[PDB]
Novice: 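Let me begin by handing over the structure; questions about it come next.
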Amino acid sequence: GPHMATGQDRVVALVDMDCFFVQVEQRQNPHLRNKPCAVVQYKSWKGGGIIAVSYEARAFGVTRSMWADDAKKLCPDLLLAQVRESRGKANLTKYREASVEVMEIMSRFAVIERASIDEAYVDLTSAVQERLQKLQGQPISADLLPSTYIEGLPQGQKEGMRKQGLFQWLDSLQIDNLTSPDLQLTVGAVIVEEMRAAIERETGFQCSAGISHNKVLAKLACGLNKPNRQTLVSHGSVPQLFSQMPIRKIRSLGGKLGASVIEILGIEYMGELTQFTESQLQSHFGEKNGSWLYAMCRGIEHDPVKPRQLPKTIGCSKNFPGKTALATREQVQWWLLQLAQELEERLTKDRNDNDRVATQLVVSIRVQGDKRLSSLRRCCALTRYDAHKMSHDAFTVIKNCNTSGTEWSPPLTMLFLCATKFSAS
DNA sequence: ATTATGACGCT
Ligand SMILES: [Mn+2]
Ligand SMILES: [Mn+2]
């Protein structure tokens, strides 16, 4: 009872830009704003592959990983913006720079963990304590939370429901106890409203956010009310929320492990996990996953918000699917040089912006007909930022997968070059 | 033939 810690020590938010690549292109091209539109890579094969979809387009059924020509069959008015192409490949530079704008704003409020190009986690515990002291017992007004949903409320028109739920939550709030977890989440959400307002002011970009006591719940909350809304998931709301949450919806259970949880244990929803002892879960899924599942199904996760705004690796990848697979020495050399040239550009920019050099070069390839996504992965030294040297070294390091007797066999369906092992410069 | 990345765990 008194000693069963409930993992309410922290306030953690997950901020995620709504259809990020689409918004970047819509800021740049006003003709796309408030339209069904999507961002694509390439244009020859089936119109190109969609990697980002506006909410207007989603309402027609357009999804990521779908061909533009098929999307156009669901949504004939769909507008398309194309990723930049450089040295024969997709170049995501515009979005990395837009991402950095956003990250730098978020960093003004608290320490952030860049979790992907369009989303970051925030540790708000210190910010909330400071702010709670600043109120000096003053109660929290609904006006401070204009886009916040309280998950699980109301109990017992869309905006009408939102406001009822918020009213229930705020009426039930104990503003004098500077140590109540629910008060702390609430103040955290006020700060997140401010962060999202500053992001929109200063970039034009809208985002959603989740506010809870840990990373997994913050992330799950962020998705409950998209777009341009934020959702507070309290400790108390976990039992009902999880009672019908499919296991696959939780971060890291979306794949094979989640499928084996479902199959082995004979269950469907996160909440069912509570009925198993910790040892039972560790037995089925190993000691780490077992402890983690035993606490997660109760709303408790201890993974910290890492103070890391910048990517830990810088990578360059191109698939050569179908009949485009690389089959000669000349071909493999030229594409390794194109990849190495983009990598050199990004690395030099990184060294100047962020005072660090990479020291290790990772070369990965896929060969045709190989089941694996990485047919091979080998590392060598990365000593100077020179594309000719990096491409030569990647060759040097992969060339003994050629089984020919100036040809290349098995032909390569993927090249990948990744700079890693960063050291302060 | 949806692709381009990137974190992290296992061994
Ligand atoms: Mn997003
Ligand atoms: Mn998405």
Side-chain angles (χ1 to χ4, degrees), chain A residues 14 20-21 38-53 61-74 80 82-96 99-100 103 112-121 215-216 219 251-258 285-293 301 303-326 335 338-339 342-343 346-347 350 358 360 362-366 368-369 372-374 377 411-422:
Chain A
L14 188 274
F20 183 45
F21 286 24
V39 175
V40 290
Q41 294 183 131
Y42 308 124
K43 211 80 186 67
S44 302
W45 187 272
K46 321 198 128 202
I50 286 171
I51 55 172
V53 191
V62 184
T63 71
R64 118 158 167 90
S65 283
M66 186 200 246
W67 296 119
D69 294 349
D70 295 337
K72 275 285 199 177
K73 306 171 187 162
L74 298 172
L80 297 181
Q82 252 173 299
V83 153
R84 174 182 297 130
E85 171 270 310
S86 299
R87 325 159 209 89
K89 68 177 292 301
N91 175 358
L92 305 175
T93 296
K94 193 193 307 183
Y95 317 106
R96 291 194 188 92
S99 177
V100 164
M103 296 313 184
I112 74 105
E113 174 186 344
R114 179 201 200 269
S116 87
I117 172 157
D118 90 318
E119 77 203 83
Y121 295 94
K215 286 159 81 163
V216 165
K219 172 61 164 163
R251 169 169 79 126
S252 78
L253 300 183
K256 278 181 123 216
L257 173 64
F285 314 117
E287 142 182 316
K288 204 159 136 73
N289 292 336
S291 287
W292 183 86
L293 283 167
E301 195 235 10
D303 185 21
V305 167
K306 336 237 290 212
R308 172 185 55 89
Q309 195 179 344
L310 311 171
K312 162 151 28 184
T313 59
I314 290 182
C316 296
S317 151
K318 183 172 171 46
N319 290 14
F320 306 88
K323 323 206 271 213
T324 59
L326 318 187
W335 283 108
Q338 302 320 290
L339 268 308
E342 160 172 16
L343 190 60
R346 286 163 63 183
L347 283 170
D350 183 80
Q360 171 174 95
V362 178
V363 194
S364 191
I365 58 71
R366 197 153 80 241
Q368 201 179 48
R372 326 214 296 298
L373 271 201
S374 186
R377 186 282 212 172
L412 314 183
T413 52
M414 186 262 303
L415 291 178
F416 173 83
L417 256 185
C418 188
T420 71
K421 257 71 179 301
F422 270 108

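Lettering of chains follows the sequences in order, A, B, ..., and the numbering in each one begins at 1. Because only heavy atoms are used, hydrogens play no part in the values below, and waters and symmetry mates are left out as well, while side chains stay in.
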Novice: The side chain of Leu92(A) lies closest to which of these nucleotides: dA4(B), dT3(B), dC8(B)?
Specialist: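 Nearest nucleotide to the side chain: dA4(B).
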Novice: Under 4.0 Å from OP1 or OP2 of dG6(B): is there any side-chain N or O of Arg114(A) that close?
Specialist: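 No, no such contact exists.
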Novice: Do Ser364(A) and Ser374(A) have side-chain N/O donor and acceptor atoms under 3.5 Å apart?
Specialist: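 Short answer, yes.
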Novice: Determine the contact category for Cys418(A): base if any of its heavy atoms lies under 4.0 Å from a base atom, sugar-phosphate if only primed atoms, P, OP1 or OP2 are that close, otherwise nothing.
Specialist: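 No contact.
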Novice: From CZ of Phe422(A) over to P of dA7(B), roughly how many Å is that when rounded to an integer?
Specialist: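 The distance from CZ of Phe422(A) to P of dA7(B) comes to 10 Å, rounded to the nearest Å.
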Novice: Using atom types as modelled and distance alone, determine if a side-chain donor or acceptor of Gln368(A) lies under 3.5 Å from a backbone N or O of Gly322(A).
Specialist: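 Yes.
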Novice: Please tell me if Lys312(A) has a side-chain N or O lying less than 4.0 Å from either OP1 or OP2 of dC8(B).
Specialist: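 Yes, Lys312(A) has a side-chain N/O under 4.0 Å of OP1/OP2 on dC8(B).
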Novice: What contact category does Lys46(A) fall into here, base, sugar-phosphate, or nothing, at under 4.0 angstrom with non-hydrogen atoms?
Specialist: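 Nothing, no heavy atom under 4.0 Å.
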Novice: Classify the nucleic acid contact of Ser116(A) as base, sugar-phosphate or nothing, counting any heavy atom under 4.0 Å across all strands shown.
Specialist: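 Answer is nothing: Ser116(A) stays at 4.0 Å or more from every strand.
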Novice: What is the distance, rounded to the nearest whole Å, between atom CG of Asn289(A) and atom P of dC8(B)?
Specialist: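 Distance check: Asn289(A) CG to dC8(B) P gives 16 Å.
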Novice: For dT5(B), take OP1 and OP2 only and decide whether either is under 4.0 Å from a side-chain N or O of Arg346(A).
Specialist: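 For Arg346(A), the contact criterion (side-chain N or O under 4.0 Å from OP1 or OP2 of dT5(B)) is met.
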Novice: Identify the two heavy atoms, one from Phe285(A) and one from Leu293(A), that lie closest to each other, and give their separation to 0.1 Å.
Specialist: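 Scanning both residues completely, I find the closest heavy atoms to be CD1-CD1, 3.5 Å.
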Novice: For a quick check of understanding: with a heavy-atom distance under 4.0 Å over all strands, which category does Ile314(A) fall into, base, sugar-phosphate or nothing?
Specialist: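 Sugar-phosphate: the residue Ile314(A), judged by heavy atoms under 4.0 Å, touches backbone atoms but no base.
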Novice: Tell me what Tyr42(A) touches on the nucleic acid: a base, only sugar-phosphate, or nothing, going by heavy atoms under 4.0 Å.
Specialist: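 Answer is sugar-phosphate: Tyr42(A) comes under 4.0 Å of backbone atoms only.
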Novice: Quick one: closest heavy-atom pair of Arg114(A) and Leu310(A), and the distance?
Specialist: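 The answer is CD-C, 4.3 Å.
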Novice: Looking at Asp69(A) and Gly47(A), would you say the former's side chain and the latter's main chain have a donor-acceptor pair under 3.5 Å?
Specialist: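 Checked: pair present.
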Novice: Is the shortest side-chain N/O distance from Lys288(A) to OP1 or OP2 of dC10(B) below 4.0 Å?
Specialist: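 For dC10(B), neither OP1 nor OP2 has a side-chain N or O of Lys288(A) closer than 4.0 Å.
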Novice: Does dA7(B) have its OP1 or OP2 closer than 4.0 Å to a side-chain nitrogen or oxygen of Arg251(A)?
Specialist: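 Looking at the OP1 and OP2 atoms of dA7(B), neither is under 4.0 Å from any side-chain N or O of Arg251(A).
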Novice: Given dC8(B), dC10(B), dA1(B), which nucleotide is nearest the side-chain atoms of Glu113(A)?
Specialist: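 The nucleotide sitting nearest to the side chain is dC8(B).
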Novice: Considering every strand and a 4.0 Å limit on heavy-atom distances, what is the contact class for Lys323(A): base, sugar-phosphate, or nothing?
Specialist: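 Answer is nothing: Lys323(A) stays at 4.0 Å or more from every strand.
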Novice: Return the nearest nucleotide to the side chain of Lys89(A); candidates are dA4(B), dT3(B), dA1(B).
Specialist: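 The closest nucleotide is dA4(B).
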Novice: On the nucleotide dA4(B), are OP1 or OP2 found under 4.0 Å from the side-chain N or O atoms that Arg366(A) carries?
Specialist: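 So the side-chain polar atoms of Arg366(A) never come under 4.0 Å of the phosphate oxygens OP1 or OP2 of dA4(B).
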Novice: Between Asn91(A) (side chain only) and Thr93(A) (backbone N and O only), is there a donor and an acceptor less than 3.5 Å apart?
Specialist: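 Answer holds: yes.
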Novice: Between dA1(B), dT3(B), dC8(B), which one does the side chain of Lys306(A) approach most closely?
Specialist: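 So the side chain of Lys306(A) is nearest to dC8(B).
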Novice: Quick one: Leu257(A) CG to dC10(B) P, roughly how many Å, whole number?
Specialist: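 Rounding to the nearest Å, CG of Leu257(A) and P of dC10(B) are 11 Å apart.
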Novice: Over all strands shown, is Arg308(A) touching base, sugar-phosphate only, or nothing at heavy-atom distances under 4.0 angstrom?
Specialist: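 Here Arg308(A) touches the backbone only, sparing every base.
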Novice: Between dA4(B) atom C1' and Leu373(A) atom CG, what is the distance in whole Å?
Specialist: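 Rounded to whole Å, this separation is 12 Å.
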Novice: Whole Å only: how far is the CH2 atom of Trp292(A) from the P atom of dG9(B)?
Specialist: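 Going from CH2 in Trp292(A) over to P in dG9(B) covers 12 Å.
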Novice: Look at the side chain of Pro311(A) and decide which nucleotide, out of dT5(B), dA7(B), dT3(B), has an atom nearest to it.
Specialist: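 Out of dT5(B), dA7(B), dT3(B), the nucleotide with an atom closest to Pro311(A)'s side chain is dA7(B).
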Novice: Would you say a side-chain N or O of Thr313(A) is under 4.0 Å from OP1 or OP2 of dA7(B)?
Specialist: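 Checking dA7(B) against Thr313(A), a side-chain N or O does come within under 4.0 Å of OP1 or OP2.
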Novice: Distance criterion of 3.5 Å, no angle test: do you see the side chain of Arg64(A) paired donor-to-acceptor with the base of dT3(B)?
Specialist: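 Checked by distance alone, the answer is yes.
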Novice: Rounding to an integer number of Å, can you tell me how far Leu14(A) CG sits from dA7(B) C1'?
Specialist: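 The answer, rounded to whole Å, is 14 Å.
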Novice: Quick one: is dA4(B) close enough that its OP1 or OP2 comes under 4.0 Å of any side-chain N or O from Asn319(A)?
Specialist: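 Yes, such a contact exists.
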Novice: Whole-Å distance between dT3(B) P and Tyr95(A) OH?
Specialist: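 Rounded to the whole Å, the gap is 18 Å.
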Novice: State which of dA4(B), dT3(B), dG6(B) makes the closest approach to the side chain of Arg96(A).
Specialist: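 Comparing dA4(B), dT3(B), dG6(B) against the side chain of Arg96(A), the answer is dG6(B).
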Novice: For the pair made of CD in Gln360(A) and P in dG6(B), what is the distance, rounded to whole Å?
Specialist: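 The answer, rounded to whole Å, is 16 Å.
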Novice: So, the side chain of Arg366(A) versus the backbone of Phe320(A): is there a donor-acceptor pair under 3.5 Å, distance only?
Specialist: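 Checking the backbone N and O of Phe320(A) against the side chain of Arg366(A), no donor-acceptor pair under 3.5 Å is found.
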